[PDB]
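One structure is given here, and the rest of the page talks about it.
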Amino acid sequence: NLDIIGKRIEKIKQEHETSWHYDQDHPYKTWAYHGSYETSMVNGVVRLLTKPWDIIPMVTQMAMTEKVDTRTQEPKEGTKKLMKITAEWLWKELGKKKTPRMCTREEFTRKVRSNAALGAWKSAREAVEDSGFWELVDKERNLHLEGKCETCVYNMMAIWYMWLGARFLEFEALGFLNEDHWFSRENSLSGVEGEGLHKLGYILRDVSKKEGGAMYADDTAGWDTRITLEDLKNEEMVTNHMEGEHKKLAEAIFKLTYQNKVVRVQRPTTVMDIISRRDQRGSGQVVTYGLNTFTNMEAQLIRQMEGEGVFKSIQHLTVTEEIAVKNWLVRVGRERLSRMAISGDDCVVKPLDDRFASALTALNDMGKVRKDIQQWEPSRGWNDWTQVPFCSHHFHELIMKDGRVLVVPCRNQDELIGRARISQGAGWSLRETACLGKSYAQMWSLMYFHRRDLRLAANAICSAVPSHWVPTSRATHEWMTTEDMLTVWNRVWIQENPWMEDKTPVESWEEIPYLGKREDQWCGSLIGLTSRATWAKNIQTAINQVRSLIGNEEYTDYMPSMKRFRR
Ligand SMILES: COc1ccccc1-c1nnco1
Ligand SMILES: COc1ccccc1-c1nnco1
Ligand SMILES: [Cl-]
Ligand SMILES: [Zn+2]
Ligand SMILES: [Zn+2]
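Just so you know, the sequence shown maps onto residues 273 to 311, 319 to 344, 357 to 411, 419 to 455, 473 to 584, 588 to 792, 799 to 891 in PDB author numbering.
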């Protein structure tokens with residue numbers, strides 16, 4: 273404990289030896305407390328082209344603006372045995388066609404020169427060019443090999476930002492989980508890593524085709540706060556598939572950063591509290607998505623075991639039950655994984671039958687308490703895959719004029735328009751703001767083409783931003805391109821779509837269908853309102869307002885792609 277965190281604490285104390293004090297009025301009960309020292320904007324391009332939404336509070340309010360300090364109990368021995376056996380088996384299946392390996396300074400740099408979230419000289423782009431930086435990384439690296447840590451400290455402020480060296484060492488040991496697609500559907504059977512929002516609907520419809528009960532989609536209440544040290548230890552078992560230096564490097568990240576956290580927090584009363595804890599996910603973990611998917615996969619298989627009566631009690635797992643659990647995993651494990659879609663803490667399960675709905679003992683004792691339902695109330699499942707929520711979306715089964723079947727993602731249009739009106743960060747030029755507006759417009763044309771208001775606004779934004787300006791943004801992002809959007813649509817929805825047998829390209833946007841008008845209004849369309857009919861009729865005037873602001877550039881008119889504007 274203090275042997276593992278003291279060095280980190282000792283170093284921070286010394287760097288602020290003039291302001292250190294063991295404050296007696298600290299709000300921490302479940303976080304160990306050590307001491308203290310002394311210490319959204321609106322996108323105008325999108326907003327000017329979505330004027331009807333200026334008076335919709337669900338849109339406008341999105342742009343305005357005690358669970359971490361909690362303690363989950365040690366699971367019963369029967370639960371701990373259920374997890375350990377499932378986790379050992381799960382790492383084995385994930386590793387059958389994948390090779391754990393170290394990630395490199397070289398591939399780590401290709402991310403810093405591509406402006407990706409690293410959780411980190420002025421910027422990360424500077425420090426990587428300097429060899430003095432890497433001389434410090436080696437200091438720490440060598441420390442980790444000697445079972446010690448000095449500078450890997452989390453900074454509470473959405474992400475816990477670290478010194479660039481700690482973000483590499485984490486990427487070095489565990490990045491393979493991310494970049495080698497361990498949670499791909501092909502590899503993990505439950506996962507959807509890299510699948511893309513145009514595949515999730517088809518994936519849920521394939522789960523629907525299985526024989527069984529309702530589809531269950533129970534959200535966990537603060538998943539990250541509910542991660543036990545037993546979960547963290549089952550996650551560490553990935554090191555059993557590793558070797559040499561990699562194994563030592565990964566074991567250290569697990570032992571010294573994950574299973575013992577050190578965090579520097581702000582407190583207005588403004589001191590920097592230095593707190594520590596062994597459990598929870600926290601933030602700061604670059605493989606949070608992957609390890610959440612892993613632990614959720616494990617929890618959901620055990621819940622499936624409980625519904626099938628593979629075991630009677632969580633209090634003590636009997637050895638006859640132990641072999642039965644192992645025999646279940648080996649004979650039907652893969653079949654039960656294929657009955658799920660799991661994205662981090664998010665899941666959809668189509669179990670063998672509806673006993674799953676009241677199989678709650680293991681799930682509650684693992685600490686994965688369901689959101690907004692009494693602890694022992696049975697889960698309410700969905701009878702129709704087109705109603706199940708997943709990754710903040712639902713999915714419509716749309717029919718093209720020619721009988722081919724699109725499965726399309728959808729959410730409340732107020733949520734889509736409200737997010738596109740927001741920019742994160744400072745120092746945006748007009749040109750940068752317009753290129754972000756164009757990324758949203760191209761995303762809408764690819765994913766939400768079936769919503770009347772989003773096709774029209776997306777065409778208006780692409781008409782209002784210079785044709786050749788590149789979309790920017792500080799799973800799959802096929803809208804991030806200057807290629808023609810009809811061509812990308814044909815690639816994504818027809819050519820590369822493994823659920824479409826007939827590969828005949830579409831030759832115009834008018835051959836690409838909308839939802840029914842009533843279904844469009846149900847999902848938030850303003851089609852039918854006077855404000856929307858004025859907006860639509862006078863759209864060239866809004867486009868010209870934004871063209872005048874940006875100035876004398878090469879623009880294309882995309883509105884004639886819509887039949888009504890086509891003269
Ligand atoms: C956005 O992801 C990251 C990228 C880099 C470093 C950390 C994270 C992270 N931490 N917790 C969740 O993510
Ligand atoms: C699979 O997710 C990632 C891929 C790449 C980089 C970071 C992440 C991540 N961040 N927090 C969780 O995962
Ligand atoms: Cl339903
Ligand atoms: Zn360290
Ligand atoms: Zn919808």
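For each residue, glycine too, the CB sits at the ideal point set by N, CA and C.
Check the C-beta distance from residue i over to residue j and give it rounded, since I have them as a contact under 8 Å.
| i | j | result |
| --- | --- | --- |
| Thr543 | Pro366 | 7 Å |
| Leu479 | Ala425 | 5 Å |
| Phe486 | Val577 | The Cβ separation is near 19 Å, so there is no contact. |
| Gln574 | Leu547 | 5 Å |
| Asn322 | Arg769 | Incorrect: roughly 19 Å between the Cβ atoms, too far for contact. |
| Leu681 | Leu734 | At roughly 33 Å, the Cβ-Cβ gap does not stay under 8 Å, so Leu681 and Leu734 are not in contact. |
| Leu385 | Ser503 | 6 Å |
| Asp826 | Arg722 | 6 Å |
| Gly755 | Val783 | 6 Å |
| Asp591 | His288 | Going by Cβ atoms, the distance from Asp591 to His288 rounds to 12 Å, so no, they are not a contact pair. |
| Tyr879 | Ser747 | No, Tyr879 and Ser747 are not in contact; Cβ-Cβ is about 18 Å, not under 8 Å. |
| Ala677 | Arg621 | 6 Å |
| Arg599 | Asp539 | 4 Å |
List the endpoints of the continuous beta strand (DSSP E) containing residue i.
| i | result |
| --- | --- |
| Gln581 | 576 to 582 |
| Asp591 | 589 to 595 |
| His786 | Segment: none, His786 is in no beta strand (DSSP E) and carries neither H nor E. |
| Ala304 | 304 to 307 |
How should residue i be labelled, buried or exposed, when 16 other C-beta atoms within 10 angstroms of its C-beta is the threshold for buried?
| i | result |
| --- | --- |
| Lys437 | exposed |
| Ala407 | exposed |
| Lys524 | exposed |
| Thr751 | buried |
| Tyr294 | exposed |
| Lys861 | exposed |
| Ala529 | buried |
| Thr370 | buried |
| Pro822 | exposed |
| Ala567 | buried |
| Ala857 | exposed |
| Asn549 | buried |
| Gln618 | buried |
| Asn555 | exposed |
| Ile717 | exposed |
| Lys387 | exposed |
| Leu635 | buried |
| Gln760 | buried |
| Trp813 | buried |
| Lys668 | buried |
| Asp597 | buried |
Tell me, which residues are paired with residue i by DSSP?
| i | result |
| --- | --- |
| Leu724 | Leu716 |
| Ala752 | In DSSP, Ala752 forms no bridge with anything. |
| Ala659 | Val666 |
| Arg815 | DSSP lists no partner for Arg815. |
| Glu310 | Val589 |
| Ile740 | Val321 |
| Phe708 | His711 |
| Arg688 | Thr535 |
| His513 | According to DSSP, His513 bridges with nothing at all. |
| residue 412 | The structure shown gives no position for residue 412: in the chain, residue numbering passes from 411 to 419 with nothing in between. |
| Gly506 | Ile660 |
| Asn453 | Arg579 |
| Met886 | None; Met886 has no bridge partner. |
Would you give the residue range spanned by the alpha helix (DSSP H) that residue i belongs to?
| i | result |
| --- | --- |
| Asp771 | 770 to 782 |
| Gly410 | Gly410 -> no alpha helix (DSSP H), and no H or E assigned at all. |
| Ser697 | It is not in any alpha helix (DSSP H) - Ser697 carries neither H nor E in the DSSP assignment. |
| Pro336 | 336 to 339 |
| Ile281 | 274 to 287 |
| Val435 | 429 to 443 |
| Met623 | 606 to 625 |
| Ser855 | 854 to 861 |
| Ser503 | 500 to 503 |
| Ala675 | Run containing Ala675: none; DSSP gives neither H nor E here. |
| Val403 | 396 to 403 |
| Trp382 | 368 to 385 |
| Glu487 | 479 to 494 |
| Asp844 | 841 to 846 |
| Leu544 | 544 to 551 |
| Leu564 | 559 to 567 |
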